[PDB]
């Protein structure tokens, strides 16, 4: 199985720990998230992981940032994706078993590494158990957003924002 993983600069170290674990477990990993700890933007990596999963390059995805909210929200906002923001094992298992979530989000700065490992393992070990009940829920979820061809598989999608960033438009 192939797992795509991504992250922002705040949790690169936690991402490395999970990447190592996944490989020890026999999983093939596609690391998309940022590779160092230089200030960057979570949506970039959330989108990359989402597309790997949606296009079939990866079976499932895992994304992390400080709280996980930002990057998991970015991953959710893509066609074919059901991203589950889970800082606990219980909801992560529910996400996989009932909502067939294909992207797991975790807060690398609020959850300790041992617990992150447990959440990831539980999420991966879980299996979607279809029922007419959850199939209806899932279908409703898959039909909420309106597909935008300009976003789908478009690497230059955020260039506009990146340029403004280089121009100091987003100063503090």
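Numbering follows the first chain given and starts at 1.
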- Note on the structure: With B-factors read from the PDB entry, the higher C-alpha mean of 99 to 107 and 140 to 148 is in 140 to 148
- Task: Tell me which of 114 to 122 and 51 to 59 has the higher mean C-alpha B-factor in the deposited entry.
- Result: 51 to 59
- Can you pull the Cα B-factors for 15, 156, 9, 23 from the entry and say which is highest? 156
- Task: Could you say which of 131, 34, 67, 28 has its CA atom at the highest B factor, as listed in the PDB entry?
- Result: 131
- Select lowest, middle or highest to describe the third in which the CA B-factor of residue 88 falls within its chain in this entry. lowest
